[PDB]
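See below for entry25.cif, which holds mmCIF, C-alpha atoms and all ligand atoms.
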```cif
data_coords
#
loop_
_atom_site.label_atom_id
_atom_site.label_comp_id
_atom_site.auth_asym_id
_atom_site.auth_seq_id
_atom_site.Cartn_x
_atom_site.Cartn_y
_atom_site.Cartn_z
CA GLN V 1 -21.81 48.39 7.63
CA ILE V 2 -24.12 45.91 5.91
CA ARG V 3 -23.77 42.11 6.22
CA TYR V 4 -25.24 39.57 3.79
CA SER V 5 -24.69 35.88 3.00
CA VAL V 6 -25.10 33.50 0.05
CA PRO V 7 -24.53 29.78 -0.65
CA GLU V 8 -21.76 28.77 -3.06
CA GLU V 9 -22.13 27.16 -6.51
CA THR V 10 -25.38 29.09 -6.91
CA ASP V 11 -26.91 30.28 -10.18
CA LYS V 12 -27.11 33.68 -11.86
CA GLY V 13 -29.84 35.99 -10.57
CA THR V 14 -29.71 34.60 -7.04
CA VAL V 15 -30.58 36.95 -4.19
CA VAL V 16 -27.88 37.96 -1.73
CA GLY V 17 -29.75 40.59 0.27
CA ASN V 18 -32.62 43.06 0.19
CA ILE V 19 -30.38 46.07 -0.44
CA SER V 20 -33.10 48.64 -1.22
CA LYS V 21 -34.36 48.44 2.37
CA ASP V 22 -30.98 48.65 4.09
CA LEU V 23 -29.91 51.50 1.81
CA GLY V 24 -32.80 53.63 3.06
CA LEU V 25 -34.40 53.54 -0.38
CA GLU V 26 -37.39 52.07 -2.20
CA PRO V 27 -37.19 49.32 -4.88
CA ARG V 28 -38.17 51.47 -7.88
CA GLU V 29 -35.91 54.29 -6.70
CA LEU V 30 -32.77 52.14 -7.01
CA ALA V 31 -32.30 53.05 -10.67
CA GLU V 32 -33.72 56.51 -9.97
CA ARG V 33 -31.29 57.56 -7.23
CA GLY V 34 -28.44 56.52 -9.51
CA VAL V 35 -26.86 54.14 -7.02
CA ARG V 36 -24.29 51.79 -8.56
CA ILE V 37 -21.54 49.35 -7.59
CA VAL V 38 -17.90 50.43 -7.43
CA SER V 39 -16.50 47.23 -8.92
CA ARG V 40 -13.09 46.74 -7.31
CA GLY V 41 -12.02 43.10 -7.64
CA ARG V 42 -14.36 40.33 -6.49
CA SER V 43 -17.17 42.90 -6.36
CA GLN V 44 -17.48 42.25 -10.10
CA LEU V 45 -18.98 38.87 -9.17
CA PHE V 46 -22.26 40.59 -8.29
CA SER V 47 -24.81 42.81 -10.03
CA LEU V 48 -27.70 45.07 -9.05
CA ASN V 49 -31.30 44.21 -9.82
CA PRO V 50 -33.03 47.63 -9.86
CA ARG V 51 -36.41 46.09 -10.65
CA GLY V 52 -36.80 44.56 -7.20
CA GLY V 53 -34.15 46.64 -5.47
CA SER V 54 -31.91 43.69 -4.71
CA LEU V 55 -28.27 42.64 -4.90
CA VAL V 56 -28.00 39.49 -7.02
CA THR V 57 -25.30 37.09 -8.21
CA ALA V 58 -23.99 37.56 -11.75
CA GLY V 59 -21.43 34.77 -12.00
CA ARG V 60 -20.15 31.46 -10.65
CA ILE V 61 -19.39 31.55 -6.93
CA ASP V 62 -17.21 28.89 -5.30
CA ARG V 63 -15.41 29.19 -1.96
CA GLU V 64 -12.70 26.73 -3.03
CA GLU V 65 -11.35 29.14 -5.65
CA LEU V 66 -12.27 32.27 -3.69
CA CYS V 67 -11.38 31.49 -0.08
CA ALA V 68 -10.65 27.75 0.25
CA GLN V 69 -8.78 27.27 3.52
CA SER V 70 -9.91 30.44 5.32
CA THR V 71 -12.75 29.73 7.73
CA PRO V 72 -14.68 32.89 6.91
CA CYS V 73 -15.23 33.57 3.19
CA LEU V 74 -15.96 37.31 2.98
CA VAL V 75 -16.31 39.72 0.05
CA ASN V 76 -16.39 43.43 0.88
CA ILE V 77 -17.80 45.66 -1.84
CA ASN V 78 -18.61 49.37 -2.01
CA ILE V 79 -21.99 50.60 -3.21
CA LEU V 80 -22.39 54.30 -4.02
CA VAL V 81 -25.56 56.37 -4.10
CA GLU V 82 -24.41 59.20 -6.36
CA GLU V 83 -27.34 61.62 -6.14
CA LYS V 84 -27.16 61.54 -2.34
CA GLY V 85 -23.38 61.33 -2.49
CA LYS V 86 -23.52 58.59 0.14
CA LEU V 87 -21.21 55.57 0.15
CA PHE V 88 -22.02 52.23 1.77
CA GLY V 89 -19.96 49.19 2.74
CA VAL V 90 -21.36 45.74 2.02
CA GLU V 91 -19.71 42.63 3.49
CA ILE V 92 -20.91 39.37 1.93
CA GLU V 93 -20.48 35.90 3.47
CA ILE V 94 -20.32 32.70 1.41
CA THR V 95 -21.71 29.38 2.65
CA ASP V 96 -19.53 26.31 2.08
CA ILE V 97 -21.23 23.28 0.54
CA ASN V 98 -20.04 19.69 0.06
CA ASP V 99 -18.94 19.38 -3.56
CA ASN V 100 -15.30 18.43 -3.03
CA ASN V 101 -14.60 15.11 -1.30
CA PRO V 102 -11.16 14.26 0.18
CA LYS V 103 -9.14 13.16 -2.85
CA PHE V 104 -5.78 11.39 -2.67
CA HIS V 105 -2.81 12.46 -4.79
CA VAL V 106 -2.07 8.85 -5.69
CA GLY V 107 -4.42 6.02 -6.65
CA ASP V 108 -2.07 3.51 -5.05
CA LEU V 109 1.01 3.01 -2.89
CA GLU V 110 3.40 0.06 -2.67
CA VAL V 111 5.05 -0.65 0.67
CA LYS V 112 8.03 -3.00 0.55
CA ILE V 113 8.36 -4.80 3.89
CA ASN V 114 10.87 -7.54 4.71
CA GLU V 115 9.86 -10.64 6.69
CA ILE V 116 12.57 -9.94 9.25
CA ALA V 117 10.67 -6.83 10.34
CA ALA V 118 9.52 -7.16 13.94
CA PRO V 119 6.17 -5.80 15.21
CA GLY V 120 6.33 -2.12 16.12
CA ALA V 121 7.49 -1.00 12.69
CA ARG V 122 5.55 1.73 10.89
CA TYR V 123 5.23 2.83 7.26
CA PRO V 124 3.67 6.09 5.94
CA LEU V 125 0.31 6.10 4.13
CA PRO V 126 -1.02 8.61 1.57
CA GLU V 127 -3.19 11.57 2.55
CA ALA V 128 -6.28 12.98 0.86
CA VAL V 129 -6.73 16.75 0.57
CA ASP V 130 -10.06 18.35 1.47
CA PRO V 131 -10.79 21.51 -0.57
CA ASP V 132 -13.76 22.21 1.70
CA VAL V 133 -13.12 23.02 5.37
CA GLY V 134 -15.14 22.11 8.45
CA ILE V 135 -17.60 19.24 8.68
CA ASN V 136 -17.38 19.06 4.89
CA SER V 137 -13.65 18.40 5.18
CA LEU V 138 -11.64 15.20 5.66
CA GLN V 139 -13.09 13.46 8.70
CA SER V 140 -11.81 9.89 8.92
CA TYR V 141 -9.48 7.15 7.70
CA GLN V 142 -10.78 3.59 7.46
CA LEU V 143 -8.56 0.59 6.75
CA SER V 144 -9.72 -2.77 5.39
CA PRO V 145 -9.52 -5.62 7.94
CA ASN V 146 -6.19 -7.46 7.97
CA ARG V 147 -4.33 -9.76 10.36
CA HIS V 148 -0.79 -8.36 10.34
CA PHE V 149 -1.43 -4.61 10.44
CA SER V 150 -3.24 -1.70 12.10
CA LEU V 151 -4.10 1.85 11.00
CA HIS V 152 -2.43 4.33 13.35
CA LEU V 153 -3.80 7.86 13.06
CA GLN V 154 -0.79 9.85 14.27
CA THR V 155 -1.40 13.41 15.46
CA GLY V 156 1.22 15.85 16.73
CA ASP V 157 0.99 19.48 17.82
CA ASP V 158 1.16 20.38 14.13
CA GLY V 159 -2.61 19.96 13.90
CA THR V 160 -3.04 17.71 10.87
CA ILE V 161 -3.37 13.93 10.50
CA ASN V 162 -0.62 11.40 9.76
CA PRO V 163 -1.98 7.97 8.79
CA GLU V 164 0.79 5.42 9.35
CA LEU V 165 0.55 1.65 8.99
CA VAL V 166 1.76 -0.32 12.02
CA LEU V 167 2.95 -3.93 11.85
CA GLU V 168 1.98 -6.04 14.87
CA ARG V 169 2.12 -9.59 13.51
CA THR V 170 5.21 -10.82 11.66
CA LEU V 171 4.95 -11.34 7.91
CA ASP V 172 5.98 -14.43 5.93
CA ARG V 173 6.20 -14.47 2.12
CA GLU V 174 6.74 -18.23 2.27
CA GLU V 175 3.04 -18.26 3.16
CA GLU V 176 1.77 -15.02 1.61
CA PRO V 177 3.92 -12.78 -0.65
CA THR V 178 1.54 -9.87 -1.32
CA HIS V 179 -1.32 -8.19 0.52
CA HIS V 180 -3.99 -5.77 -0.67
CA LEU V 181 -5.46 -3.23 1.74
CA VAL V 182 -7.95 -0.40 1.15
CA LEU V 183 -7.42 3.12 2.51
CA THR V 184 -10.71 5.02 2.70
CA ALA V 185 -10.71 8.77 3.33
CA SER V 186 -14.17 9.84 4.48
CA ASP V 187 -15.98 13.17 4.84
CA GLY V 188 -18.99 14.15 6.93
CA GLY V 189 -21.73 15.33 4.59
CA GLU V 190 -25.14 14.36 3.25
CA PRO V 191 -24.41 11.77 2.19
CA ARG V 192 -20.93 11.20 3.64
CA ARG V 193 -18.32 11.88 0.96
CA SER V 194 -15.31 9.59 0.45
CA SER V 195 -12.46 8.49 -1.79
CA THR V 196 -10.21 5.44 -1.65
CA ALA V 197 -6.58 4.61 -2.35
CA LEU V 198 -5.02 1.18 -2.77
CA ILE V 199 -2.26 -0.09 -0.50
CA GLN V 200 -0.16 -2.98 -1.82
CA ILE V 201 2.04 -4.68 0.76
CA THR V 202 4.93 -6.35 -1.04
CA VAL V 203 6.66 -8.76 1.33
CA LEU V 204 10.36 -8.89 0.49
CA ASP V 205 12.32 -12.08 1.18
CA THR V 206 14.85 -12.95 3.85
CA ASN V 207 16.89 -16.16 3.99
CA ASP V 208 15.36 -17.79 7.07
CA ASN V 209 14.52 -21.21 5.63
CA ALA V 210 17.43 -23.65 5.86
CA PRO V 211 17.62 -26.60 3.43
CA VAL V 212 15.73 -29.65 4.71
CA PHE V 213 15.88 -33.08 3.02
CA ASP V 214 12.90 -35.21 2.02
CA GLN V 215 14.17 -37.98 4.29
CA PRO V 216 16.58 -38.10 7.25
CA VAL V 217 17.77 -41.47 5.94
CA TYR V 218 17.66 -42.58 2.31
CA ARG V 219 17.45 -46.32 1.63
CA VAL V 220 18.13 -48.22 -1.60
CA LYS V 221 18.89 -51.86 -2.47
CA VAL V 222 20.72 -52.47 -5.74
CA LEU V 223 22.48 -55.41 -7.40
CA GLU V 224 26.27 -55.21 -7.69
CA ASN V 225 26.31 -55.89 -11.44
CA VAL V 226 24.20 -52.83 -12.22
CA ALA V 227 25.59 -50.73 -15.08
CA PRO V 228 27.58 -47.58 -14.24
CA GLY V 229 25.58 -44.37 -14.56
CA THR V 230 22.40 -46.08 -13.40
CA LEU V 231 20.11 -43.64 -11.57
CA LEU V 232 20.19 -45.03 -8.03
CA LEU V 233 18.37 -42.22 -6.29
CA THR V 234 16.92 -38.74 -6.74
CA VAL V 235 17.87 -36.71 -3.66
CA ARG V 236 15.81 -33.61 -2.85
CA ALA V 237 15.84 -30.87 -0.21
CA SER V 238 13.17 -28.24 0.46
CA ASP V 239 13.78 -24.48 0.57
CA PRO V 240 10.74 -22.18 0.13
CA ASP V 241 12.88 -19.03 0.09
CA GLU V 242 12.84 -16.79 -2.98
CA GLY V 243 15.18 -17.32 -5.92
CA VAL V 244 18.83 -17.31 -4.86
CA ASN V 245 17.90 -18.04 -1.24
CA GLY V 246 16.01 -21.09 -2.48
CA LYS V 247 18.77 -22.49 -4.67
CA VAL V 248 19.82 -25.76 -3.04
CA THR V 249 23.18 -27.47 -3.63
CA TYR V 250 23.65 -31.18 -2.91
CA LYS V 251 27.03 -32.74 -2.16
CA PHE V 252 28.77 -35.47 -0.18
CA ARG V 253 30.05 -34.34 3.21
CA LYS V 254 33.38 -36.07 2.61
CA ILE V 255 33.58 -35.26 -1.11
CA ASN V 256 36.89 -33.39 -0.71
CA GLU V 257 38.89 -36.16 0.95
CA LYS V 258 37.56 -38.91 -1.33
CA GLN V 259 39.76 -40.48 -4.00
CA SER V 260 37.89 -42.56 -6.58
CA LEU V 261 34.17 -41.80 -6.31
CA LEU V 262 31.98 -44.91 -6.17
CA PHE V 263 28.79 -42.90 -6.66
CA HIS V 264 28.12 -39.51 -8.23
CA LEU V 265 25.72 -37.07 -6.56
CA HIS V 266 24.83 -34.32 -9.02
CA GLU V 267 25.46 -30.87 -7.57
CA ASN V 268 22.24 -29.30 -8.84
CA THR V 269 19.54 -31.87 -9.55
CA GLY V 270 20.76 -34.11 -6.72
CA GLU V 271 20.63 -37.24 -8.86
CA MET V 272 22.74 -39.98 -7.29
CA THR V 273 24.12 -42.49 -9.79
CA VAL V 274 26.65 -45.34 -9.98
CA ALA V 275 30.20 -44.35 -10.94
CA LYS V 276 32.18 -47.60 -10.86
CA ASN V 277 31.29 -51.30 -10.87
CA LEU V 278 30.17 -52.16 -7.34
CA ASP V 279 31.13 -55.81 -7.80
CA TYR V 280 34.85 -55.08 -8.11
CA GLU V 281 34.79 -52.91 -4.98
CA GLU V 282 33.29 -55.88 -3.12
CA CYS V 283 31.42 -53.59 -0.72
CA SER V 284 28.09 -54.92 0.49
CA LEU V 285 26.82 -51.99 2.56
CA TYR V 286 27.38 -48.25 2.08
CA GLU V 287 26.41 -45.61 4.63
CA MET V 288 27.13 -42.15 3.23
CA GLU V 289 26.53 -38.68 4.68
CA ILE V 290 25.17 -36.03 2.32
CA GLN V 291 24.42 -32.33 2.74
CA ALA V 292 22.42 -29.56 1.08
CA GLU V 293 23.47 -25.91 1.14
CA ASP V 294 22.02 -22.54 0.12
CA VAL V 295 23.76 -19.22 -0.56
CA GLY V 296 23.24 -18.23 3.07
CA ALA V 297 25.47 -21.15 4.06
CA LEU V 298 22.58 -22.88 5.83
CA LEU V 299 22.99 -26.65 6.04
CA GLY V 300 20.73 -29.66 5.74
CA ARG V 301 22.13 -33.06 6.64
CA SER V 302 20.94 -36.50 5.56
CA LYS V 303 22.12 -40.09 5.13
CA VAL V 304 21.97 -42.66 2.34
CA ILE V 305 22.17 -46.40 3.00
CA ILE V 306 23.02 -48.38 -0.13
CA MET V 307 22.64 -52.14 0.21
CA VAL V 308 24.63 -53.84 -2.54
CA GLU V 309 23.31 -57.31 -3.36
CA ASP V 310 25.87 -59.89 -4.51
CA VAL V 311 25.16 -62.01 -7.59
CA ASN V 312 27.69 -64.75 -8.34
CA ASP V 313 28.21 -67.24 -5.51
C1 LIG P 401 -16.67 6.18 0.80
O1 LIG P 401 -17.49 6.07 1.95
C2 LIG P 401 -18.80 6.70 1.87
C3 LIG P 401 -19.50 6.47 3.20
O2 LIG P 401 -18.82 7.22 4.20
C4 LIG P 401 -19.57 6.12 0.68
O3 LIG P 401 -20.82 6.78 0.57
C5 LIG P 401 -18.76 6.33 -0.61
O4 LIG P 401 -19.48 5.82 -1.73
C6 LIG P 401 -17.37 5.70 -0.49
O5 LIG P 401 -17.59 4.28 -0.46
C1 LIG P 402 -10.62 2.86 -3.62
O1 LIG P 402 -10.85 1.64 -2.92
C2 LIG P 402 -11.87 0.80 -3.45
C3 LIG P 402 -11.99 -0.42 -2.53
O2 LIG P 402 -12.94 -0.15 -1.49
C4 LIG P 402 -11.47 0.42 -4.88
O3 LIG P 402 -12.48 -0.44 -5.43
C5 LIG P 402 -11.31 1.68 -5.75
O4 LIG P 402 -10.92 1.32 -7.07
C6 LIG P 402 -10.36 2.72 -5.13
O5 LIG P 402 -9.01 2.30 -5.40
CA CA P 403 -18.29 24.48 -3.77
CA CA P 404 -17.30 24.04 -0.42
CA CA P 405 -16.04 17.31 0.80
CA CA P 406 9.67 -16.64 6.47
CA CA P 407 12.08 -16.20 3.04
CA CA P 408 17.27 -20.83 2.15
CA CA P 409 30.75 -60.96 -5.82
#
```
In structure tokens, write the structure found in this file.
Amino acid sequence: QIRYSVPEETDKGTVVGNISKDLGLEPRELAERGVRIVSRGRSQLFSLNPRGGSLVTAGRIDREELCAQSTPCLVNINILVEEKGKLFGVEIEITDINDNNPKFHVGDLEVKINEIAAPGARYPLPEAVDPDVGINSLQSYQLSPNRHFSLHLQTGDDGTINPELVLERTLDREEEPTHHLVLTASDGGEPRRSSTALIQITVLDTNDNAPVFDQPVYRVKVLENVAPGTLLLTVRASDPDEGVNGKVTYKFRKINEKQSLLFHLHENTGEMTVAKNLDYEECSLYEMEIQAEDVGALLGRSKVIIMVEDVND
């Protein structure tokens, strides 16, 4: 019939309730009337103090290991007055305290997101478990300020929380490849508890940058009697894409139908040099079309105007 209560994580010899008064006895008589505890299970976590006629704690008491998720933490014990032959039921409540903040299961999480991803996409975030329940349980999720994302606290009829990261501004690894965000799980206590997990956004690459030359039109003036193999020009095209998507290949547009090449444009480094003596060819003005190509078959087109200056006259 009796109901007591006691805070958790308390010490040994801590009062639970004035049992001598509710038992119809007197303090000194507690040892005299031969009343003891019938220790069945968790009832062993308590002991009787016959000196002051009280029920006291005799071991470590923590709701997390005893009750945890259950809203009421109750321990029902049976106390027997033998001489009177009377039995009594004692229900004991346990107060939850804040000694267990919301802790994540991972200290970090990497989210691989491609640039091509349009706003509206969503990627799951870690969750922190709260051993304590109530106000001393997980209360909020805070996300460090960014420009491309937003913390969506999803909640269904299930009851629990689902923190998902929503993209609302397109990413671009050609500008910024990685991002570092902070996921703070907070708890309402005194002071407010909290833990944090790291969120690394790894922006994967897509081939969206087409090759683009340094100049629409390349211009060079060289004497006809210049030695073959002379470095006329160093052609270059830009492609900020990652690795294979950034590999640029330079070549003449009409390279396939040509017979004897007058100039050699290197496939990789794009170095344009003299192949044959320009004097014998007797050409005074060249206007050649060149192109640059990546593995995505994206083209860049440019021109090169070679003015050949005659010597002997
Ligand atoms: C998480 O947030 C709390 C405030 O809610 C801090 O007290 C704690 O140190 C951690 O930064
Ligand atoms: C949680 O987040 C904080 C940033 O507020 C980190 O400094 C900490 O190491 C933990 O990952
Ligand atoms: Ca506790
Ligand atoms: Ca607790
Ligand atoms: Ca807590
Ligand atoms: Ca891009
Ligand atoms: Ca790219
Ligand atoms: Ca490219
Ligand atoms: Ca000549």
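Between CA of residue 153 (chain V) and CA of residue 172 (chain V) lies a distance of 25.4 Å.
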May I have the residues within 7 Å of ligand CA 405 (chain P), computed using all atoms listed in the file, as a count of residues only? 13
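For the pair CA of residue 255 (chain V) and atom CA of ligand CA 407 (chain P), the interatomic distance is 29.0 Å.
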Applying 12 Å and only C-alpha atoms, which residues near region 293-303 of chain V remain after dropping the ones on its own chain fewer than 4 positions away? List them as JSON, numbers by chain. {"V": [206, 207, 208, 209, 210, 211, 212, 213, 214, 215, 216, 217, 218, 219, 220, 235, 236, 237, 238, 239, 240, 241, 242, 243, 244, 245, 246, 247, 248, 249, 250, 251, 252, 253, 267, 268, 270, 286, 287, 288, 289]}
For those residues, write C-alpha atoms to a file as a PDB file, keeping the file's coordinate frame.
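See selection.pdb below for the written result:
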```pdb
ATOM      1  CA  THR V 206      14.850 -12.950   3.850  1.00  0.00           C
ATOM      2  CA  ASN V 207      16.890 -16.160   3.990  1.00  0.00           C
ATOM      3  CA  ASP V 208      15.360 -17.790   7.070  1.00  0.00           C
ATOM      4  CA  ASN V 209      14.520 -21.210   5.630  1.00  0.00           C
ATOM      5  CA  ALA V 210      17.430 -23.650   5.860  1.00  0.00           C
ATOM      6  CA  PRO V 211      17.620 -26.600   3.430  1.00  0.00           C
ATOM      7  CA  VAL V 212      15.730 -29.650   4.710  1.00  0.00           C
ATOM      8  CA  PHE V 213      15.880 -33.080   3.020  1.00  0.00           C
ATOM      9  CA  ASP V 214      12.900 -35.210   2.020  1.00  0.00           C
ATOM     10  CA  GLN V 215      14.170 -37.980   4.290  1.00  0.00           C
ATOM     11  CA  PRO V 216      16.580 -38.100   7.250  1.00  0.00           C
ATOM     12  CA  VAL V 217      17.770 -41.470   5.940  1.00  0.00           C
ATOM     13  CA  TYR V 218      17.660 -42.580   2.310  1.00  0.00           C
ATOM     14  CA  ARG V 219      17.450 -46.320   1.630  1.00  0.00           C
ATOM     15  CA  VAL V 220      18.130 -48.220  -1.600  1.00  0.00           C
ATOM     16  CA  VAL V 235      17.870 -36.710  -3.660  1.00  0.00           C
ATOM     17  CA  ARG V 236      15.810 -33.610  -2.850  1.00  0.00           C
ATOM     18  CA  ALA V 237      15.840 -30.870  -0.210  1.00  0.00           C
ATOM     19  CA  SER V 238      13.170 -28.240   0.460  1.00  0.00           C
ATOM     20  CA  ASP V 239      13.780 -24.480   0.570  1.00  0.00           C
ATOM     21  CA  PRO V 240      10.740 -22.180   0.130  1.00  0.00           C
ATOM     22  CA  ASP V 241      12.880 -19.030   0.090  1.00  0.00           C
ATOM     23  CA  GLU V 242      12.840 -16.790  -2.980  1.00  0.00           C
ATOM     24  CA  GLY V 243      15.180 -17.320  -5.920  1.00  0.00           C
ATOM     25  CA  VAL V 244      18.830 -17.310  -4.860  1.00  0.00           C
ATOM     26  CA  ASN V 245      17.900 -18.040  -1.240  1.00  0.00           C
ATOM     27  CA  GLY V 246      16.010 -21.090  -2.480  1.00  0.00           C
ATOM     28  CA  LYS V 247      18.770 -22.490  -4.670  1.00  0.00           C
ATOM     29  CA  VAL V 248      19.820 -25.760  -3.040  1.00  0.00           C
ATOM     30  CA  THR V 249      23.180 -27.470  -3.630  1.00  0.00           C
ATOM     31  CA  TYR V 250      23.650 -31.180  -2.910  1.00  0.00           C
ATOM     32  CA  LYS V 251      27.030 -32.740  -2.160  1.00  0.00           C
ATOM     33  CA  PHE V 252      28.770 -35.470  -0.180  1.00  0.00           C
ATOM     34  CA  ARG V 253      30.050 -34.340   3.210  1.00  0.00           C
ATOM     35  CA  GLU V 267      25.460 -30.870  -7.570  1.00  0.00           C
ATOM     36  CA  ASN V 268      22.240 -29.300  -8.840  1.00  0.00           C
ATOM     37  CA  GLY V 270      20.760 -34.110  -6.720  1.00  0.00           C
ATOM     38  CA  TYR V 286      27.380 -48.250   2.080  1.00  0.00           C
ATOM     39  CA  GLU V 287      26.410 -45.610   4.630  1.00  0.00           C
ATOM     40  CA  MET V 288      27.130 -42.150   3.230  1.00  0.00           C
ATOM     41  CA  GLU V 289      26.530 -38.680   4.680  1.00  0.00           C
TER      42      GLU V 289
END
```
Find the spatial neighbours of region 38-54 of chain V, counting all atoms listed in the file, within a cut-off of 12 Å - ignore same-chain residues fewer than 5 positions away - and output them as a VMD selection string. chain V and resid 4 6 10 to 33 59 to 62 65 to 67 73 to 82 87 to 92
Would you mind listing the residues within 8 Å of ligand LIG 401 (chain P), counting only C-alpha atoms and all ligand atoms, as an MDAnalysis selection string? chainID V and resid 184:188 191:196
Those selected residues, please, written with C-alpha atoms and delivered as a compact mmCIF listing (two decimals), in the frame of the given file.
```txt
# COMPACT_ATOMS: atom_id res chain seq x y z
CA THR V 184 -10.71 5.02 2.70
CA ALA V 185 -10.71 8.77 3.33
CA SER V 186 -14.17 9.84 4.48
CA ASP V 187 -15.98 13.17 4.84
CA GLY V 188 -18.99 14.15 6.93
CA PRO V 191 -24.41 11.77 2.19
CA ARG V 192 -20.93 11.20 3.64
CA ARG V 193 -18.32 11.88 0.96
CA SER V 194 -15.31 9.59 0.45
CA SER V 195 -12.46 8.49 -1.79
CA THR V 196 -10.21 5.44 -1.65
```
Please list as JSON, numbers by chain every residue within 9 Å of residue 225 (chain V), counting all atoms listed in the file and excluding residues in the same chain fewer than 4 positions away. {"V": [277, 278, 279, 309, 310, 311]}
Write the selection just made, keeping C-alpha atoms, as a compact mmCIF listing (two decimals), keeping the file's coordinate frame?
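That gives us selection-v9.txt:
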```txt
# COMPACT_ATOMS: atom_id res chain seq x y z
CA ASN V 277 31.29 -51.30 -10.87
CA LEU V 278 30.17 -52.16 -7.34
CA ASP V 279 31.13 -55.81 -7.80
CA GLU V 309 23.31 -57.31 -3.36
CA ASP V 310 25.87 -59.89 -4.51
CA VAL V 311 25.16 -62.01 -7.59
```
Of the candidates V:257, V:108, V:64, V:224, which one gets nearest to ligand CA 403 (chain P) if we count only C-alpha atoms and all ligand atoms? V:64
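Taking only C-alpha atoms into account, residue 68 (chain V) lies nearest to V:8 out of the set V:109, V:151, V:8, V:83.
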Which one is closest to ligand CA 407 (chain P): V:223, V:292, V:143, V:171? Count all atoms listed in the file. V:171
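Nearest residue to ligand LIG 402 (chain P) among V:160, V:142, V:284, V:69 is V:142, counting all atoms listed in the file.
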Within 8 Å of region 116-127 of chain V, counting only C-alpha atoms, which residues qualify if same-chain residues fewer than 4 places away don't, as a ChimeraX atom specification? /V:104-106,109,111,162-171,197,206
From V:37, V:181, V:129, V:113, residue lying nearest ligand LIG 402 (chain P) [all atoms listed in the file]: V:181
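Of the residues under consideration (V:141, V:149, V:280, V:263), V:280 shows the shortest atom-to-atom contact distance to ligand CA 409 (chain P) when counting all atoms listed in the file.
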